[PDB]
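J.: Below is the file start-v7.pdb, which contains PDB, N, CA and C atoms and all ligand atoms.
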MODEL        1
ATOM      1  N   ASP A  44       1.406  17.308 -10.737
ATOM      2  CA  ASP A  44       0.816  16.071 -11.329
ATOM      3  C   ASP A  44       1.585  14.820 -10.896
ATOM      4  N   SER A  45       2.906  14.859 -11.078
ATOM      5  CA  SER A  45       3.797  13.781 -10.634
ATOM      6  C   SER A  45       3.707  13.539  -9.108
ATOM      7  N   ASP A  46       3.383  14.582  -8.345
ATOM      8  CA  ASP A  46       3.338  14.508  -6.887
ATOM      9  C   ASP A  46       1.923  14.395  -6.321
ATOM     10  N   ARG A  47       0.972  13.999  -7.163
ATOM     11  CA  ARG A  47      -0.426  13.932  -6.761
ATOM     12  C   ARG A  47      -0.630  13.130  -5.472
ATOM     13  N   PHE A  48       0.028  11.975  -5.373
ATOM     14  CA  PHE A  48      -0.214  11.092  -4.232
ATOM     15  C   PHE A  48       0.879  11.164  -3.168
ATOM     16  N   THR A  49       1.884  12.024  -3.357
ATOM     17  CA  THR A  49       3.084  11.987  -2.522
ATOM     18  C   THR A  49       2.767  12.257  -1.038
ATOM     19  N   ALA A  50       1.980  13.289  -0.767
ATOM     20  CA  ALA A  50       1.646  13.640   0.612
ATOM     21  C   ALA A  50       0.930  12.475   1.285
ATOM     22  N   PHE A  51      -0.041  11.885   0.581
ATOM     23  CA  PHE A  51      -0.780  10.699   1.061
ATOM     24  C   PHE A  51       0.146   9.533   1.355
ATOM     25  N   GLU A  52       1.044   9.233   0.418
ATOM     26  CA  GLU A  52       2.019   8.154   0.592
ATOM     27  C   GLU A  52       2.889   8.337   1.836
ATOM     28  N   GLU A  53       3.406   9.550   2.030
ATOM     29  CA  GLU A  53       4.251   9.954   3.178
ATOM     30  C   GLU A  53       3.519   9.778   4.510
ATOM     31  N   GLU A  54       2.238  10.153   4.504
ATOM     32  CA  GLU A  54       1.360   9.978   5.685
ATOM     33  C   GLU A  54       1.224   8.503   6.060
ATOM     34  N   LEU A  55       0.981   7.648   5.062
ATOM     35  CA  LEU A  55       0.837   6.218   5.295
ATOM     36  C   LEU A  55       2.173   5.608   5.767
ATOM     37  N   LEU A  56       3.262   6.005   5.124
ATOM     38  CA  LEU A  56       4.579   5.544   5.539
ATOM     39  C   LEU A  56       4.834   5.855   7.017
ATOM     40  N   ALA A  57       4.607   7.106   7.389
ATOM     41  CA  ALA A  57       4.811   7.520   8.770
ATOM     42  C   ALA A  57       3.892   6.779   9.751
ATOM     43  N   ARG A  58       2.672   6.468   9.334
ATOM     44  CA  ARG A  58       1.739   5.743  10.177
ATOM     45  C   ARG A  58       2.180   4.296  10.428
ATOM     46  N   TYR A  59       2.799   3.670   9.428
ATOM     47  CA  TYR A  59       3.113   2.249   9.513
ATOM     48  C   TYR A  59       4.600   1.915   9.602
ATOM     49  N   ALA A  60       5.461   2.920   9.734
ATOM     50  CA  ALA A  60       6.902   2.668   9.890
ATOM     51  C   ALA A  60       7.239   1.695  11.040
ATOM     52  N   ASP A  61       6.460   1.723  12.126
ATOM     53  CA  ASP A  61       6.722   0.842  13.260
ATOM     54  C   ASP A  61       6.415  -0.613  12.952
ATOM     55  N   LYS A  62       5.677  -0.842  11.877
ATOM     56  CA  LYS A  62       5.316  -2.182  11.421
ATOM     57  C   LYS A  62       6.196  -2.667  10.285
ATOM     58  N   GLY A  63       7.347  -2.025  10.110
ATOM     59  CA  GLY A  63       8.347  -2.486   9.149
ATOM     60  C   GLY A  63       8.158  -1.952   7.737
ATOM     61  N   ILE A  64       7.142  -1.116   7.521
ATOM     62  CA  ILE A  64       6.933  -0.453   6.229
ATOM     63  C   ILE A  64       7.969   0.639   5.951
ATOM     64  N   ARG A  65       8.642   0.530   4.801
ATOM     65  CA  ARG A  65       9.707   1.448   4.375
ATOM     66  C   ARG A  65       9.353   2.296   3.145
ATOM     67  N   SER A  66       8.380   1.848   2.348
ATOM     68  CA  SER A  66       7.871   2.675   1.282
ATOM     69  C   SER A  66       6.418   2.373   1.002
ATOM     70  N   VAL A  67       5.740   3.396   0.487
ATOM     71  CA  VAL A  67       4.340   3.282   0.053
ATOM     72  C   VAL A  67       4.235   4.005  -1.272
ATOM     73  N   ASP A  68       3.576   3.381  -2.248
ATOM     74  CA  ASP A  68       3.397   3.963  -3.575
ATOM     75  C   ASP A  68       1.997   3.704  -4.078
ATOM     76  N   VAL A  69       1.330   4.759  -4.544
ATOM     77  CA  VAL A  69       0.050   4.630  -5.250
ATOM     78  C   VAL A  69       0.349   4.412  -6.750
ATOM     79  N   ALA A  70       0.136   3.182  -7.185
ATOM     80  CA  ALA A  70       0.465   2.715  -8.544
ATOM     81  C   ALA A  70      -0.786   2.568  -9.380
ATOM     82  N   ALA A  71      -1.054   3.545 -10.224
ATOM     83  CA  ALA A  71      -2.231   3.493 -11.090
ATOM     84  C   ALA A  71      -1.869   2.902 -12.456
ATOM     85  N   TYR A  72      -2.758   2.066 -12.995
ATOM     86  CA  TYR A  72      -2.647   1.605 -14.391
ATOM     87  C   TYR A  72      -4.022   1.665 -15.041
ATOM     88  N   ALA A  73      -4.160   1.138 -16.258
ATOM     89  CA  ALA A  73      -5.402   1.294 -17.000
ATOM     90  C   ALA A  73      -6.614   0.686 -16.264
ATOM     91  N   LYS A  74      -6.477  -0.512 -15.708
ATOM     92  CA  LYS A  74      -7.627  -1.242 -15.172
ATOM     93  C   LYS A  74      -7.850  -1.011 -13.683
ATOM     94  N   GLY A  75      -6.846  -0.507 -12.984
ATOM     95  CA  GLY A  75      -7.003  -0.266 -11.575
ATOM     96  C   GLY A  75      -5.864   0.501 -10.949
ATOM     97  N   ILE A  76      -5.898   0.530  -9.627
ATOM     98  CA  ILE A  76      -4.934   1.229  -8.810
ATOM     99  C   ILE A  76      -4.551   0.297  -7.694
ATOM    100  N   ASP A  77      -3.263   0.208  -7.411
ATOM    101  CA  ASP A  77      -2.823  -0.524  -6.255
ATOM    102  C   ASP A  77      -2.028   0.386  -5.327
ATOM    103  N   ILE A  78      -2.196   0.186  -4.018
ATOM    104  CA  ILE A  78      -1.311   0.788  -3.046
ATOM    105  C   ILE A  78      -0.252  -0.279  -2.732
ATOM    106  N   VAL A  79       1.003   0.034  -3.048
ATOM    107  CA  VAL A  79       2.110  -0.888  -2.918
ATOM    108  C   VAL A  79       2.947  -0.531  -1.706
ATOM    109  N   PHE A  80       2.967  -1.453  -0.749
ATOM    110  CA  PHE A  80       3.694  -1.330   0.497
ATOM    111  C   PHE A  80       4.937  -2.225   0.416
ATOM    112  N   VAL A  81       6.080  -1.669   0.801
ATOM    113  CA  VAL A  81       7.317  -2.435   0.916
ATOM    114  C   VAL A  81       7.783  -2.439   2.380
ATOM    115  N   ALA A  82       7.950  -3.647   2.915
ATOM    116  CA  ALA A  82       8.437  -3.887   4.260
ATOM    117  C   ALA A  82       9.856  -4.432   4.275
ATOM    118  N   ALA A  83      10.558  -4.115   5.349
ATOM    119  CA  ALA A  83      11.920  -4.593   5.556
ATOM    120  C   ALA A  83      11.988  -5.914   6.293
ATOM    121  N   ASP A  84      10.838  -6.535   6.559
ATOM    122  CA  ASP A  84      10.743  -7.825   7.252
ATOM    123  C   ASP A  84       9.487  -8.568   6.837
ATOM    124  N   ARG A  85       9.312  -9.757   7.398
ATOM    125  CA  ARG A  85       8.196 -10.644   7.092
ATOM    126  C   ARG A  85       7.274 -10.902   8.281
ATOM    127  N   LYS A  86       7.213  -9.977   9.226
ATOM    128  CA  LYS A  86       6.458 -10.200  10.476
ATOM    129  C   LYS A  86       4.928 -10.049  10.362
ATOM    130  N   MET A  87       4.459  -9.177   9.482
ATOM    131  CA  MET A  87       3.033  -8.894   9.362
ATOM    132  C   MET A  87       2.265 -10.117   8.917
ATOM    133  N   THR A  88       1.156 -10.451   9.586
ATOM    134  CA  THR A  88       0.271 -11.503   9.064
ATOM    135  C   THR A  88      -0.571 -10.956   7.902
ATOM    136  N   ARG A  89      -1.153 -11.861   7.131
ATOM    137  CA  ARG A  89      -2.081 -11.475   6.084
ATOM    138  C   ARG A  89      -3.254 -10.672   6.639
ATOM    139  N   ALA A  90      -3.811 -11.112   7.767
ATOM    140  CA  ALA A  90      -4.947 -10.410   8.397
ATOM    141  C   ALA A  90      -4.555  -9.001   8.808
ATOM    142  N   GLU A  91      -3.342  -8.835   9.317
ATOM    143  CA  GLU A  91      -2.832  -7.503   9.643
ATOM    144  C   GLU A  91      -2.672  -6.578   8.435
ATOM    145  N   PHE A  92      -2.053  -7.111   7.391
ATOM    146  CA  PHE A  92      -1.919  -6.379   6.160
ATOM    147  C   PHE A  92      -3.271  -6.076   5.551
ATOM    148  N   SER A  93      -4.184  -7.028   5.621
ATOM    149  CA  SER A  93      -5.464  -6.818   5.006
ATOM    150  C   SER A  93      -6.189  -5.620   5.666
ATOM    151  N   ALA A  94      -6.034  -5.489   6.972
ATOM    152  CA  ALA A  94      -6.650  -4.359   7.703
ATOM    153  C   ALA A  94      -5.999  -3.005   7.338
ATOM    154  N   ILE A  95      -4.683  -2.980   7.251
ATOM    155  CA  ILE A  95      -3.935  -1.788   6.868
ATOM    156  C   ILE A  95      -4.297  -1.381   5.453
ATOM    157  N   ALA A  96      -4.388  -2.372   4.565
ATOM    158  CA  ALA A  96      -4.725  -2.120   3.170
ATOM    159  C   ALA A  96      -6.141  -1.615   3.022
ATOM    160  N   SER A  97      -7.067  -2.238   3.734
ATOM    161  CA  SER A  97      -8.464  -1.847   3.626
ATOM    162  C   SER A  97      -8.636  -0.395   4.073
ATOM    163  N   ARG A  98      -7.977  -0.024   5.167
ATOM    164  CA  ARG A  98      -8.111   1.354   5.683
ATOM    165  C   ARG A  98      -7.491   2.377   4.716
ATOM    166  N   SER A  99      -6.309   2.042   4.185
ATOM    167  CA  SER A  99      -5.597   2.911   3.234
ATOM    168  C   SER A  99      -6.401   3.125   1.965
ATOM    169  N   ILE A 100      -7.040   2.067   1.483
ATOM    170  CA  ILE A 100      -7.903   2.152   0.310
ATOM    171  C   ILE A 100      -9.129   2.999   0.575
ATOM    172  N   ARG A 101      -9.762   2.821   1.732
ATOM    173  CA  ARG A 101     -10.878   3.695   2.111
ATOM    174  C   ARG A 101     -10.435   5.165   2.094
ATOM    175  N   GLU A 102      -9.308   5.438   2.737
ATOM    176  CA  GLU A 102      -8.733   6.777   2.787
ATOM    177  C   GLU A 102      -8.375   7.345   1.410
ATOM    178  N   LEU A 103      -7.811   6.502   0.569
ATOM    179  CA  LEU A 103      -7.481   6.916  -0.801
ATOM    180  C   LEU A 103      -8.712   7.366  -1.568
ATOM    181  N   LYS A 104      -9.745   6.539  -1.507
ATOM    182  CA  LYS A 104     -10.992   6.785  -2.218
ATOM    183  C   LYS A 104     -11.667   8.101  -1.793
ATOM    184  N   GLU A 105     -11.697   8.346  -0.486
ATOM    185  CA  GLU A 105     -12.351   9.518   0.100
ATOM    186  C   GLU A 105     -11.553  10.745  -0.216
ATOM    187  N   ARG A 106     -10.231  10.629  -0.144
ATOM    188  CA  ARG A 106      -9.338  11.748  -0.365
ATOM    189  C   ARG A 106      -9.300  12.209  -1.832
ATOM    190  N   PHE A 107      -9.260  11.264  -2.767
ATOM    191  CA  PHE A 107      -9.117  11.625  -4.175
ATOM    192  C   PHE A 107     -10.434  11.477  -4.943
ATOM    193  N   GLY A 108     -11.468  11.009  -4.256
ATOM    194  CA  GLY A 108     -12.793  10.928  -4.819
ATOM    195  C   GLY A 108     -12.982   9.814  -5.819
ATOM    196  N   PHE A 109     -12.240   8.729  -5.666
ATOM    197  CA  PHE A 109     -12.387   7.614  -6.571
ATOM    198  C   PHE A 109     -13.724   6.936  -6.387
ATOM    199  N   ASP A 110     -14.439   6.944  -7.502
ATOM    200  CA  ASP A 110     -15.711   6.296  -7.695
ATOM    201  C   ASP A 110     -15.689   4.801  -7.279
ATOM    202  N   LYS A 111     -16.843   4.243  -6.913
ATOM    203  CA  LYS A 111     -16.937   2.815  -6.531
ATOM    204  C   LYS A 111     -16.530   1.805  -7.615
ATOM    205  N   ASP A 112     -16.674   2.175  -8.894
ATOM    206  CA  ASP A 112     -16.309   1.292 -10.022
ATOM    207  C   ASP A 112     -14.809   1.319 -10.409
ATOM    208  N   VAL A 113     -14.001   2.076  -9.675
ATOM    209  CA  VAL A 113     -12.550   2.059  -9.866
ATOM    210  C   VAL A 113     -11.985   0.947  -8.972
ATOM    211  N   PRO A 114     -11.514  -0.163  -9.587
ATOM    212  CA  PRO A 114     -10.936  -1.237  -8.772
ATOM    213  C   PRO A 114      -9.635  -0.791  -8.097
ATOM    214  N   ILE A 115      -9.494  -1.079  -6.798
ATOM    215  CA  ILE A 115      -8.310  -0.728  -6.032
ATOM    216  C   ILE A 115      -7.881  -1.936  -5.231
ATOM    217  N   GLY A 116      -6.590  -2.205  -5.266
ATOM    218  CA  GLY A 116      -5.990  -3.342  -4.566
ATOM    219  C   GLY A 116      -4.771  -2.880  -3.797
ATOM    220  N   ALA A 117      -4.034  -3.849  -3.243
ATOM    221  CA  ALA A 117      -2.882  -3.575  -2.421
ATOM    222  C   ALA A 117      -1.903  -4.754  -2.475
ATOM    223  N   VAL A 118      -0.638  -4.410  -2.301
ATOM    224  CA  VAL A 118       0.453  -5.370  -2.389
ATOM    225  C   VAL A 118       1.392  -5.120  -1.209
ATOM    226  N   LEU A 119       1.827  -6.195  -0.572
ATOM    227  CA  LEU A 119       2.884  -6.134   0.415
ATOM    228  C   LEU A 119       4.106  -6.909  -0.096
ATOM    229  N   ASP A 120       5.199  -6.183  -0.297
ATOM    230  CA  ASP A 120       6.488  -6.767  -0.731
ATOM    231  C   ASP A 120       7.406  -6.789   0.478
ATOM    232  N   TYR A 121       8.318  -7.748   0.494
ATOM    233  CA  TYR A 121       9.411  -7.792   1.442
ATOM    234  C   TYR A 121      10.686  -7.495   0.656
ATOM    235  N   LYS A 122      11.302  -6.353   0.950
ATOM    236  CA  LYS A 122      12.614  -6.031   0.394
ATOM    237  C   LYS A 122      13.529  -5.621   1.537
ATOM    238  N   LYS A 123      14.439  -6.504   1.958
ATOM    239  CA  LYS A 123      15.241  -6.243   3.151
ATOM    240  C   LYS A 123      16.060  -4.948   3.076
ATOM    241  N   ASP A 124      16.685  -4.711   1.927
ATOM    242  CA  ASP A 124      17.557  -3.584   1.713
ATOM    243  C   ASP A 124      17.953  -3.556   0.248
ATOM    244  N   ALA A 125      18.795  -2.588  -0.130
ATOM    245  CA  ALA A 125      19.184  -2.422  -1.533
ATOM    246  C   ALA A 125      20.103  -3.536  -2.082
ATOM    247  N   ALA A 126      20.642  -4.374  -1.198
ATOM    248  CA  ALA A 126      21.416  -5.561  -1.551
ATOM    249  C   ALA A 126      20.574  -6.825  -1.770
ATOM    250  N   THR A 127      19.243  -6.724  -1.640
ATOM    251  CA  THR A 127      18.402  -7.896  -1.571
ATOM    252  C   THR A 127      17.209  -7.736  -2.523
ATOM    253  N   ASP A 128      16.936  -8.773  -3.304
ATOM    254  CA  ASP A 128      15.823  -8.724  -4.243
ATOM    255  C   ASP A 128      14.473  -8.738  -3.508
ATOM    256  N   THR A 129      13.497  -8.064  -4.094
ATOM    257  CA  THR A 129      12.104  -8.065  -3.620
ATOM    258  C   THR A 129      11.486  -9.459  -3.673
ATOM    259  N   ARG A 130      10.705  -9.784  -2.644
ATOM    260  CA  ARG A 130       9.821 -10.939  -2.628
ATOM    261  C   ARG A 130       8.439 -10.429  -2.250
ATOM    262  N   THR A 131       7.436 -10.798  -3.028
ATOM    263  CA  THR A 131       6.082 -10.332  -2.761
ATOM    264  C   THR A 131       5.430 -11.306  -1.773
ATOM    265  N   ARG A 132       4.843 -10.739  -0.723
ATOM    266  CA  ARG A 132       4.201 -11.502   0.346
ATOM    267  C   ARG A 132       2.717 -11.688   0.057
ATOM    268  N   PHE A 133       1.987 -10.585  -0.126
ATOM    269  CA  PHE A 133       0.548 -10.629  -0.354
ATOM    270  C   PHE A 133       0.127  -9.714  -1.480
ATOM    271  N   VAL A 134      -0.861 -10.171  -2.230
ATOM    272  CA  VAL A 134      -1.514  -9.333  -3.207
ATOM    273  C   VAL A 134      -3.014  -9.399  -2.937
ATOM    274  N   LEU A 135      -3.607  -8.266  -2.607
ATOM    275  CA  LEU A 135      -5.036  -8.211  -2.353
ATOM    276  C   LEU A 135      -5.655  -7.694  -3.610
ATOM    277  N   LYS A 136      -6.610  -8.477  -4.074
ATOM    278  CA  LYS A 136      -7.117  -8.396  -5.431
ATOM    279  C   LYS A 136      -7.925  -7.151  -5.498
ATOM    280  N   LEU A 137      -7.857  -6.532  -6.663
ATOM    281  CA  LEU A 137      -8.584  -5.316  -6.928
ATOM    282  C   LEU A 137     -10.062  -5.514  -6.551
ATOM    283  N   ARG A 138     -10.501  -4.710  -5.594
ATOM    284  CA  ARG A 138     -11.853  -4.767  -5.044
ATOM    285  C   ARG A 138     -12.606  -3.497  -5.477
TER     286      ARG A 138
HETATM  287 NA    NA A 201       6.728   6.143  -2.260
ENDMDL
END
Translate the structure of the given file into structure tokens.
Ligand code: NA

T.:
Amino acid sequence: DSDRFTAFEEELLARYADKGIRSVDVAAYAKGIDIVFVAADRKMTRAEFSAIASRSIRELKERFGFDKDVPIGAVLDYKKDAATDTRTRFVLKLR
């Protein structure tokens, strides 16, 4: 149960590691689900992130069977390392 999304997260991490992504988390709450990406840099444009997020959300929905009425969004954070506080770059609104 705790590991429901782990394999999926690991797959996405491995796919986007070359783009500075260091962690991926499927974060579910009452009103929606977000895929939370953490990068070690600020190089990705919004348009680039938006494409990565859109594909990951499509994949999430198909893989876990999330109905069309389940809002899903995505977040890109910049966290350089464990010595540095998180800064959020983009939040794509639950669609
Ligand atoms: Na993770």

J.: Write out as a PyMOL selection string the set of residues from stretch 93-131 of chain A that DSSP, computed on the backbone, places in strand (DSSP E).

T.: chain A and resi 115-121+130-131

J.: Written as an NGL selection string, which residues does the PyMOL selection byres (((chain A and resi 84) around 6.5) and not hetatm) give for the file shown?

T.: :A and (63 or 82-83 or 85-87 or 121-123)

J.: Quick one: write out the picked residues with N, CA and C atoms as a CSV table (one decimal), in the frame of the given file?

T.:
chain,number,residue,atom,x,y,z
A,63,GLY,N,7.3,-2.0,10.1
A,63,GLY,CA,8.3,-2.5,9.1
A,63,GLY,C,8.2,-2.0,7.7
A,82,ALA,N,8.0,-3.6,2.9
A,82,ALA,CA,8.4,-3.9,4.3
A,82,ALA,C,9.9,-4.4,4.3
A,83,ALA,N,10.6,-4.1,5.3
A,83,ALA,CA,11.9,-4.6,5.6
A,83,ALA,C,12.0,-5.9,6.3
A,85,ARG,N,9.3,-9.8,7.4
A,85,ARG,CA,8.2,-10.6,7.1
A,85,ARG,C,7.3,-10.9,8.3
A,86,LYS,N,7.2,-10.0,9.2
A,86,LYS,CA,6.5,-10.2,10.5
A,86,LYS,C,4.9,-10.0,10.4
A,87,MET,N,4.5,-9.2,9.5
A,87,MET,CA,3.0,-8.9,9.4
A,87,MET,C,2.3,-10.1,8.9
A,121,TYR,N,8.3,-7.7,0.5
A,121,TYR,CA,9.4,-7.8,1.4
A,121,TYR,C,10.7,-7.5,0.7
A,122,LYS,N,11.3,-6.4,1.0
A,122,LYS,CA,12.6,-6.0,0.4
A,122,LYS,C,13.5,-5.6,1.5
A,123,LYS,N,14.4,-6.5,2.0
A,123,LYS,CA,15.2,-6.2,3.2
A,123,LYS,C,16.1,-4.9,3.1

J.: So which one's closest to residue A:53, A:81, A:67, A:119, A:126? Using all atoms listed in the file, please.

T.: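 Closest candidate: A:67.
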
J.: Using only N, CA and C atoms and all ligand atoms, which residues have at least one atom no more than 8 Å from ligand NA 201 (chain A)? Output them as a PDB file with N, CA and C atoms, in the coordinates of the input.

T.:
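Full text of selection-v6.pdb as output:
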ATOM      1  N   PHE A  48       0.028  11.975  -5.373  1.00  0.00           N
ATOM      2  CA  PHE A  48      -0.214  11.092  -4.232  1.00  0.00           C
ATOM      3  C   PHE A  48       0.879  11.164  -3.168  1.00  0.00           C
ATOM      4  N   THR A  49       1.884  12.024  -3.357  1.00  0.00           N
ATOM      5  CA  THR A  49       3.084  11.987  -2.522  1.00  0.00           C
ATOM      6  C   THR A  49       2.767  12.257  -1.038  1.00  0.00           C
ATOM      7  N   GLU A  52       1.044   9.233   0.418  1.00  0.00           N
ATOM      8  CA  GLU A  52       2.019   8.154   0.592  1.00  0.00           C
ATOM      9  C   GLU A  52       2.889   8.337   1.836  1.00  0.00           C
ATOM     10  N   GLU A  53       3.406   9.550   2.030  1.00  0.00           N
ATOM     11  CA  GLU A  53       4.251   9.954   3.178  1.00  0.00           C
ATOM     12  C   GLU A  53       3.519   9.778   4.510  1.00  0.00           C
ATOM     13  N   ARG A  65       8.642   0.530   4.801  1.00  0.00           N
ATOM     14  CA  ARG A  65       9.707   1.448   4.375  1.00  0.00           C
ATOM     15  C   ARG A  65       9.353   2.296   3.145  1.00  0.00           C
ATOM     16  N   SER A  66       8.380   1.848   2.348  1.00  0.00           N
ATOM     17  CA  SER A  66       7.871   2.675   1.282  1.00  0.00           C
ATOM     18  C   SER A  66       6.418   2.373   1.002  1.00  0.00           C
ATOM     19  N   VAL A  67       5.740   3.396   0.487  1.00  0.00           N
ATOM     20  CA  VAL A  67       4.340   3.282   0.053  1.00  0.00           C
ATOM     21  C   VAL A  67       4.235   4.005  -1.272  1.00  0.00           C
ATOM     22  N   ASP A  68       3.576   3.381  -2.248  1.00  0.00           N
ATOM     23  CA  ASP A  68       3.397   3.963  -3.575  1.00  0.00           C
ATOM     24  C   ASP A  68       1.997   3.704  -4.078  1.00  0.00           C
ATOM     25  N   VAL A  69       1.330   4.759  -4.544  1.00  0.00           N
ATOM     26  CA  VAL A  69       0.050   4.630  -5.250  1.00  0.00           C
ATOM     27  C   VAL A  69       0.349   4.412  -6.750  1.00  0.00           C
ATOM     28  N   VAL A  79       1.003   0.034  -3.048  1.00  0.00           N
ATOM     29  CA  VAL A  79       2.110  -0.888  -2.918  1.00  0.00           C
ATOM     30  C   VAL A  79       2.947  -0.531  -1.706  1.00  0.00           C
TER      31      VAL A  79
END

J.: Please, what distance in Å, to one decimal, runs between atom N of residue A:90 and atom N of residue A:73?

T.: 27.0 Å

J.: With the PyMOL selection byres (((chain A and resi 118) around 8) and not hetatm) as the selection, what would be picked from this file? Answer as a PyMOL selection string, please.

T.: chain A and resi 77-82+96+116-117+119-121+131-136

J.: One decimal, in Å: what's the spacing between atom C of residue A:55 and atom CA of residue A:99?

T.: 8.6 Å

J.: Between atom CA of residue A:138 and atom C of residue A:113, measure the distance and give it in Å to one decimal.

T.: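 According to the coordinates, atom CA of residue A:138 and atom C of residue A:113 are separated by 6.9 Å.
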
J.: Write out as a list in words which residues come within 10 Å of residue A:74 when counting only C-alpha atoms, dropping same-chain ones fewer than 4 positions away.

T.: residues 113, 114, 115 and 137 of chain A

J.: Each side padded by 6 Å, which centre and which edge lengths in Å (one decimal) define the axis-aligned box around the listed atoms of stretch 83-100 of chain A? Give them as lines of an AutoDock Vina configuration file.

T.:
center_x = 1.4
center_y = -4.4
center_z = 5.4
size_x = 33.1
size_y = 27.0
size_z = 22.2

J.: Is there a way to complete stretch 52-67 of chain A with N, CA, C and O atoms and then write that out as a short mmCIF file (atom, residue, chain, number, x, y, z; two decimals), in the frame of the given file?

T.:
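Listed below is the output, result.cif:
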data_model
loop_
_atom_site.label_atom_id
_atom_site.label_comp_id
_atom_site.auth_asym_id
_atom_site.auth_seq_id
_atom_site.Cartn_x
_atom_site.Cartn_y
_atom_site.Cartn_z
N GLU A 52 1.04 9.23 0.42
CA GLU A 52 2.02 8.15 0.59
C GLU A 52 2.89 8.34 1.84
O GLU A 52 3.08 7.39 2.60
N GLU A 53 3.41 9.55 2.03
CA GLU A 53 4.25 9.95 3.18
C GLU A 53 3.52 9.78 4.51
O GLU A 53 4.08 9.34 5.53
N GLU A 54 2.24 10.15 4.50
CA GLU A 54 1.36 9.98 5.68
C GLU A 54 1.22 8.50 6.06
O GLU A 54 1.34 8.13 7.24
N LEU A 55 0.98 7.65 5.06
CA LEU A 55 0.84 6.22 5.30
C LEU A 55 2.17 5.61 5.77
O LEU A 55 2.22 4.80 6.70
N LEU A 56 3.26 6.00 5.12
CA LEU A 56 4.58 5.54 5.54
C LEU A 56 4.83 5.86 7.02
O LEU A 56 5.24 4.98 7.80
N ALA A 57 4.61 7.11 7.39
CA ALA A 57 4.81 7.52 8.77
C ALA A 57 3.89 6.78 9.75
O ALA A 57 4.31 6.48 10.86
N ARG A 58 2.67 6.47 9.33
CA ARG A 58 1.74 5.74 10.18
C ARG A 58 2.18 4.30 10.43
O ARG A 58 1.99 3.77 11.50
N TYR A 59 2.80 3.67 9.43
CA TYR A 59 3.11 2.25 9.51
C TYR A 59 4.60 1.92 9.60
O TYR A 59 4.95 0.74 9.60
N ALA A 60 5.46 2.92 9.73
CA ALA A 60 6.90 2.67 9.89
C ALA A 60 7.24 1.70 11.04
O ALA A 60 8.17 0.89 10.91
N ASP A 61 6.46 1.72 12.13
CA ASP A 61 6.72 0.84 13.26
C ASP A 61 6.42 -0.61 12.95
O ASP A 61 6.83 -1.50 13.69
N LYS A 62 5.68 -0.84 11.88
CA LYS A 62 5.32 -2.18 11.42
C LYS A 62 6.20 -2.67 10.28
O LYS A 62 5.83 -3.60 9.58
N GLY A 63 7.35 -2.02 10.11
CA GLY A 63 8.35 -2.49 9.15
C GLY A 63 8.16 -1.95 7.74
O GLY A 63 8.97 -2.25 6.86
N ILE A 64 7.14 -1.12 7.52
CA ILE A 64 6.93 -0.45 6.23
C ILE A 64 7.97 0.64 5.95
O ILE A 64 8.17 1.54 6.76
N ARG A 65 8.64 0.53 4.80
CA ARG A 65 9.71 1.45 4.38
C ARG A 65 9.35 2.30 3.14
O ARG A 65 9.98 3.34 2.90
N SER A 66 8.38 1.85 2.35
CA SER A 66 7.87 2.68 1.28
C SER A 66 6.42 2.37 1.00
O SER A 66 5.93 1.25 1.22
N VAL A 67 5.74 3.40 0.49
CA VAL A 67 4.34 3.28 0.05
C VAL A 67 4.24 4.00 -1.27
O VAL A 67 4.69 5.15 -1.40
#
